[PDB]
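Have a look at the structure below before the remarks.
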Amino acid sequence: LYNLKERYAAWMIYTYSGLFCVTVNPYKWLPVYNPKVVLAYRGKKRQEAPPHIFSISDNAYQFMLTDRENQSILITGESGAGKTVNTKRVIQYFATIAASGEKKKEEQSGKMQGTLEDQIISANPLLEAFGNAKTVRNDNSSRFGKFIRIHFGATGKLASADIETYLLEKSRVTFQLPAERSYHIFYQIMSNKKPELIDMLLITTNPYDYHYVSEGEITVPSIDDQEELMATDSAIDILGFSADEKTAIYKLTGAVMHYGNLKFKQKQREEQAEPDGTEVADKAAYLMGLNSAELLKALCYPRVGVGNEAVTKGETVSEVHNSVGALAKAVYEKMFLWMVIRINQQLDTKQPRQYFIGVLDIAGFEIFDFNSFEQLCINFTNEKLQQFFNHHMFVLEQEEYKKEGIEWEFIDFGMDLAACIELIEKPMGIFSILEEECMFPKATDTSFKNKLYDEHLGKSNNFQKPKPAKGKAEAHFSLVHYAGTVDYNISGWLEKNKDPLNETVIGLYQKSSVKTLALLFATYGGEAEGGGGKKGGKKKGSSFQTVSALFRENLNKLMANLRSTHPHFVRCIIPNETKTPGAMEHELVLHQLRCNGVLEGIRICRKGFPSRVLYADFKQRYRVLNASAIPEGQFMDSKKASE
Amino acid sequence: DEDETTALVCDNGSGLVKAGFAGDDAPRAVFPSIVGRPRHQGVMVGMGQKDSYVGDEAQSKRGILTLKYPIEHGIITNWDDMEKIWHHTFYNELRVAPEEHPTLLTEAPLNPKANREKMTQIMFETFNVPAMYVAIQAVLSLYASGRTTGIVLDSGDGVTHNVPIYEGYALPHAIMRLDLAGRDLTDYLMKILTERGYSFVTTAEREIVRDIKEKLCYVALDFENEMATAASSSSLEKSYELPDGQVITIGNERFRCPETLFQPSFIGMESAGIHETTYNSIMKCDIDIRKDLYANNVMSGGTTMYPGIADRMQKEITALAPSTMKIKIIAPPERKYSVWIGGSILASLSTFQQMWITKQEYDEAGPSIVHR
Amino acid sequence: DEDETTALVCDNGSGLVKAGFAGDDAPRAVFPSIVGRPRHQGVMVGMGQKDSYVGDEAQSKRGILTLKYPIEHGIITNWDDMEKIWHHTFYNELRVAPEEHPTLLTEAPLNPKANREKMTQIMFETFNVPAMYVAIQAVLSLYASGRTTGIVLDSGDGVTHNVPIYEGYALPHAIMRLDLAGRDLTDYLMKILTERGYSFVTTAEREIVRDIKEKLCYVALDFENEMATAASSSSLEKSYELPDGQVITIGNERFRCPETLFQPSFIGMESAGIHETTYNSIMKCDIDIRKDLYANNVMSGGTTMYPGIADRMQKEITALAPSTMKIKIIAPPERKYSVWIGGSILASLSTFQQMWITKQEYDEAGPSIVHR
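Residue numbers (the authors' numbering), protein chains in the order written: chain A, 103 to 745; chain 8, 1 to 372; chain V, 1 to 372.
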């Protein structure tokens with residue numbers, strides 16, 4: 103704690119802790135990202151230069167060409183740690199130090215749509231408008247995870263990229279905490295820099311007209327919604343999107359606002375929902391390439407298919423408002439997914455690819471007094487990532503003792519975590535019990551709960567019944583993750599995990615005049631064959647059976663990509679909740695350290711032979727001791743030297 | 001996805017096989033449960049000598065083959081001929097290779113322990129599937145209607161059953177089987193329609209009596225004053241046009257056929273009927289669970305599709321049940337595939353993965369493992 | 001407040017546990033005193049494997065578990081299963097952590113010295129409560145009716161007792177125990193009601209005979225010319241509607257059931273009855289204290305709630321007691337919780353603080369300390 107702290111009060115944000123590259127939020131500006139530095143760190147082992155991210159980032163590259171292996175960089179930290187910033191910054195780094203489109207390099211609309219190095223870059227600012235928002239911690243917080251594959255060529259020059267998105271905060275779209283706000287886009291658009299848009303979408307410039315997006319805050323001083331709107335705009339173009347699509351995006355993003363304005367009322371003497379007007383529906387309908395009526399019907403009189411037919415079901419006021427919200431979110435998401443794909447599509451070149459460098463940006467194990475479904479998914483991700491490291495280290499360590507000739511035997515450090523992982527991902531484990539019950543037409547959260555216990559309680563060690571008191575809000579089940587005990591609340595899971603959507607409506611989308619909208623829904627339309635009658639399995643036709651069924655699939659496809667990689671680690675840190683440069687709350691940093699892996703890397707180090715010096719890092723600092731004979735050694739063989 | 005896409009669901013019936021991928025909404029494959037064996041030596045133009053025929057090619061070519069039904073009354077009676085129907089299902093109908101697909105199969109209500117072990121022996125040892133699972137049919141039907149306690153009246157082509165289920169466990173001692181179903185019902189219509197002064201003489205006349213039964217048959221409520229209605233001769237009559245012009249009329253018999261399900265006496269059966277049997281199952285169960293079963297009479301099976309079956313059953317058991325009780329007859333529209341859909345749901349489910357019997361379990365525990 | 005809020009009162013019975021916070025007017029938690037152990041391996045949907053069940057989940061799921069009663073006739077007979085009911089009480093029912101709450105418990109009339117030491121051993125050593133205290137049940141009932149000398153007829157689910165108390169000290173040699181209570185009484189009604197020509201066949205028929213006993217049963221005074229009245233057949237009859245319509249009628253038996261408490265001969269018991277036993281307790285006590293006991297017959301317990309119990313007892317002992325005596329049968333309305341309420345009062349009291357056995361007393365004196 104103390105080392106970090108001291109070199110921070112001195113304004114040094116980069117300090118290493120083994121393999122890690124700790125990074126602390128300056129909260130102010132620094133000449134570090136300096137265009138001079140970039141070069142400086144170019145072609146240098148981390149022992150030839152001071153702690154910095156470009157060190158990691160260059161070495162990767164090096165290593166990439168030297169060993170002929172693919173690489174990875176894992177950036178991770180809490181909401182306010184400032185990872186995007188790094189991630190982005192790493193990315194620029196790659197683009198710079200190994201570009202050369204030759205023709206694209208000239209000062210003629212440089213970096214505009216029409217080159218990648220730019221596309222690559224331009225990517226961010228689009229995603230950010232849609233997947234970023236003002237959090238109470240950050241002003242531009244990443245509300246989703248991501249993985250880019252920079253596909254380097256044979257020579258060593260840029261060839262392709264690849265994005266993938268994980269766990270998007272769908273809730274912002276409909277909600278927002280009091281000090282927060284929704285995605286930027288909304289506020290961007292209503293900013294009025296492109297007035298047509300306002301009339302085009304049929305909205306106003308006052309957000310308080312759109313409940314969905316003004317539950318929290320509307321304006322942020324550090325952000326210029328007007329400037330961004332263009333940034334965004336321009337990015338779309340560069341990204342190669344069709345105007346139409348670029349039109350869908352917009353038009354589609356406004357429909358969603360409108361939905362939240364959709365109002366209903368109880369039919370008299372009936373408990374049914376009946377439309378409270380065709381003012382808004384009209385707009386939503388038009389904007390989506392729909393028919394007002396058909397739409398309001400489907401919404402109100404959802405026509406289902408229980409048995410072998412299609413049974414028309416009536417809904418309540420409360421049921422509608424909620425379904426609407428479900429589509430709003432559903433639509434936004436999908437779209438977001440699409441955009442990514444489309445991006446990826448442009449980022450696809452024909453040129454050969456020999457290796458890639460993966461840059462992973464996701465959240466780290468965060469513990470809250472309230473841990474719900476989303477927490478499990480993330481924690482699980484991290485507990486995996488951790489084991490991923492612990493192993494790499496075990497492998498790594500063991501090489502030294504082999505190189506040197508020491509006689510040290512030890513078991514994989516990952517192993518310690520396998521217990522927790524199996525409990526989650528294995529067959530009779532949490533997810534399964536979670537995803538099975540989702541098949542029971544009449545199951546309860548309570549039901550699920552019991553199934554969870556009857557099977558794991560008393561029989562499983564990592565499994566425990568909660569500690570209901572302290573800063574926690576209710577009881578259901580705790581798990582014993584590497585970072586500690588997490589108290590999980592199981593309420594909504596079943597639902598959240600089912601992704602219930604009014605299929606009648608989706609129908610309409612599926613046959614929209616707005617192709618794009620039509621597209622986004624296709625994959626739902628193609629699995630319906632499979633879940634034709636009441637009860638059963640959605641997967642028969644390609645429909646998701648679990649909220650969690652993919653997450654896993656994606657998380658596997660990932661951790662696999664992570665393996666055929668030479669892992670490079672970066673841990674981002676957040677000094678003080680109060681936003682003050684040169685300061686640090688203790689216990690706050692302490693926390694991160696445990697959940698980071700930093701404290702676990704120190705542990706494993708200390709088992710044993712604590713401090714471990716990297717050879718160059720060893721030369722430089724100590725050559726001076728027998729100056730003549732130690733310098734000769736270090737220069738003559740980077741390793742043999744220290745020897 | 002490995003197996004999210006990959007789980008197969010095969011529902012083996014007395015008349016039809018229903019098959020497809022867990023995930024889908026309805027069976028990808030539906031076909032007769034026959035295996036035809038050619039009575040003479042010879043060939044079709046362009047084909048080779050075929051030793052055997054299955055499903056629709058056995059039905060279509062029935063005049064030169066001896067047709068055989070592997071499943072008598074829901075139970076597999078011939079294992080040589082069943083392995084033939086499975087082979088056809090995987091390789092020709094779904095066109096998948098079985099050795100990379102988990103397979104959820106179904107069995108009947110009081111299916112002998114030894115059979116559940118034998119189809120496991122054949123699934124793992126002759127088809128080499130990665131993993132499999134056998135669900136009980138009424139239990140998948142219930143579950144496909146969302147719930148876990150209820151009583152299923154299940155009725156298909158060779159058997160009818162009542163399977164009371166409580167929090168998922170089908171109750172062995174309360175299950176009733178009535179061997180009169182849609183097969184019996186097509187042959188009775190046949191006679192009341194020849195008896196109306198007709199002739200189903202060629203095989204193109206025989207087959208379509210079954211399509212008359214499906215399209216035009218009804219279960220009237222107050223079957224009493226429906227015969228009475230028949231006589232005053234209302235516009236209750238219904239004429240069907242045959243393969244050719246020969247417009248046949250069916251007024252009345254239209255409902256005399258499903259009245260067989262409430263009165264087995266119409267066909268020289270001395271057994272009790274569907275509604276009484278629903279009830280008797282119920283007064284054979286624990287006392288405290290009888291309000292549950294009564295409010296959850298789930299219907300499944302091709303023969304329970306006759307319109308107005310539910311209303312007749314509704315009133316049939318209200319009037320036998322103590323008035324303090326709530327009666328509730330659930331009959332969904334997709335009911336001819338309830339069983340299958342319940343399997344599709346269950347097998348595509350997130351929590352089912354830990355009940356799949358894997359070749360690891362089998363090679364190590366013997367057929368006993370899946371038998372439970 | 002530290003413990004003003006914080007004192008718990010747990011009354012352990014043969015049929016029910018009554019629990020809650022000292023201060024409250026009535027028990028926060030009331031539930032059966034059972035511990036169910038599953039007869040088979042399996043799960044409920046969404047739950048894990050459960051080794052054990054307690055209270056109402058054991059009653060509701062009784063068909064798949066072997067039910068066991070830890071307290072036989074008011075005495076704790078199985079200590080593994082009792083620690084299970086306590087655990088359930090603290091952690092699930094009252095949802096408190098026990099290690100910061102003083103706990104007032106109750107025991108039975110001639111509870112063996114060794115038991116009072118054992119539940120103290122379990123309270124302090126496995127639940128780690130700060131302090132605890134064991135009150136005798138009749139003694140809390142008396143005290144909850146304001147007084148300190150009287151004789152309590154206490155009658156619940158497995159035992160009946162008479163505990164003469166003088167200025168707070170229950171009189172060991174005058175206490176009488178009669179093992180016939182509300183449990184015995186529900187099973188006798190059962191037979192006189194099947195004997196009325198009925199059937200409590202399913203478990204939903206069994207359970208409700210007990211709700212008939214509670215709602216419709218009476219203790220008639222002059223039970224003699226009440227049978228005589230039954231015969232002339234007045235509008236004395238009373239029909240109850242079952243879980244369903246099945247309106248059952250109970251005219252007469254309605255009071256033949258509590259006449260069992262005065263005549264044990266109705267059930268093949270040779271012991272004396274409630275009123276004689278009240279009396280015998282009394283002619284076993286000192287002479288000078290007998291006018292006090294007679295004017296203070298306090299009744300407590302679920303089975304003493306039958307209307308007209310007090311009038312019958314009033315006249316039952318007047319006519320056995322010397323005429324120079326004043327008889328007085330106090331039967332309060334909250335009597336099914338007298339015991340508990342007496343504990344709530346006492347433990348929330350300003351002067352009780354100095355009788356709490358603290359872990360300091362225990363870790364220093366051994367279980368002997370609280371045993372007195």
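All residues carry an ideal CB built from backbone N, CA and C; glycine is no exception.
- Contact annotation: the stretch 595 to 613 of chain A touches the stretch 423 to 434 of chain A, with at least three C-beta pairs closer than 8 Å.
- In chain order, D286, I287, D288, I289, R290, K291 make up the part of chain 8 whose C-beta sits under 9 Å from the C-beta of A204 (chain V).
- Excluding sequence positions up to five before and after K436 (chain A), its CB lies within less than 7 Å of the CB of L622, all in the same chain and listed in chain order.
- Within a 10 Å sphere around the beta-carbon of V497 (chain A) sit fewer than 16 other beta-carbons, which makes this residue exposed.
- When the beta-carbon positions are compared, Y285 (chain A) and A235 (chain A) come within less than 8 Å of each other.
- Of the candidates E2 (chain V), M44 (chain V), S14 (chain V), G13 (chain V), the residue whose Cα lies closest to the Cα of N552 (chain A) is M44 (chain V).
- Within the DSSP bridge table, the entry for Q173 (chain A) names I459 (chain A), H668 (chain A) as partners.
- Cβ-Cβ separation between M132 (chain V) and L105 (chain V): approximately 6 Å, consistent with a contact (criterion under 8 Å).
- Take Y143 (chain V), set aside five residues on each side of it, and the residues of its chain with a beta-carbon closer than 6 Å to its own are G342, in chain order.
- Around the CB of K326 (chain V), fewer than 16 other CB atoms lie within 10 Å, so the residue is classed as exposed.
- Per the coordinates, the alpha-carbon of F249 (chain A) lies some 23 Å from the alpha-carbon of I351 (chain A).
- In this structure, DSSP gives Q566 (chain A) an extended state, which the three-state scheme calls strand.
- DSSP places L216 (chain V) inside the alpha helix (DSSP H), whose first and last residues are 203 to 216.
- At least 8 Å separates the beta-carbon of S394 (chain A) from that of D378 (chain A).
- Residue contact check for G391 (chain A) against chain 8: no CB pair falls below 8 Å.
- With a minimum length of 3 residues, the unbroken runs of beta strand (DSSP E) contained wholly in the stretch 210 to 279 of chain 8 fall at 238 to 241, 247 to 250.
- The beta carbon of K84 (chain 8) lies closer than 7 Å to those of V35, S52, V54 in the same chain, with the five residues before and after it left out.
- Cβ neighbours of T203 (chain 8) within its own chain (closer than 8 Å, five residues either side excluded): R62, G63.
- Of all residues in the stretch 310 to 324 of chain 8, only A321, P322, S323, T324 place a beta-carbon less than 8 Å from a beta-carbon of chain V.
- For chain V, none of the residues of the stretch 587 to 609 of chain A brings a beta carbon within less than 8 Å of one of its beta carbons.
- Between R245 (chain A) and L270 (chain A), the C-beta gap is smaller than 8 Å, which places the two residues in contact.
- Sequence-ordered contacts of the stretch 321 to 354 of chain V with chain 8 are nonexistent [C-beta pairs closer than 7 Å].
- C540 (chain A) has a beta carbon lying within less than 8 Å of a beta carbon in chain 8.
- Listed in chain order, the alpha helix (DSSP H) runs fully inside the stretch 143 to 194 of chain A are 155 to 169, counting runs of at least 4 residues.
- Fewer than three Cβ pairs drawn from the stretch 630 to 641 of chain A and the stretch 554 to 573 of chain A lie within less than 8 Å of each other, which leaves the two stretches out of contact.
- Distance from the Cα of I250 (chain V) is smallest, within the candidate group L193 (chain V), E205 (chain V), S232 (chain V), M283 (chain V), for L193 (chain V).
- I676 (chain A) and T351 (chain 8) have their C-alpha atoms some 38 Å from each other.
- The beta-carbon distance between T148 (chain 8) and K640 (chain A), rounded to whole angstroms, is 19 Å. This is too long to meet the 8 Å contact definition.
- At a cut-off of 8 Å between beta carbons, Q246 (chain V) contacts chain 8.
- Going by DSSP, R116 (chain 8) is part of the alpha helix (DSSP H) stretching over 113 to 122.
- Counting C-beta pairs closer than 8 Å gives fewer than three between the stretch 269 to 289 of chain 8 and the stretch 234 to 244 of chain 8, which falls short of the contact rule.
- When DSSP states are grouped into helix, strand and coil, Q368 (chain A) belongs to the strand group.
- Residue pairing of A465 (chain A) in beta bridges, as defined by DSSP: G179 (chain A).
- For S580 (chain A), the three-state secondary structure derived from DSSP is strand.
- For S271 (chain 8), not one C-beta of chain A is nearer than 8 Å to its own C-beta.
- Counting the other Cβ atoms within 10 Å of the Cβ of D301 (chain A) gives fewer than 16, which makes it exposed.
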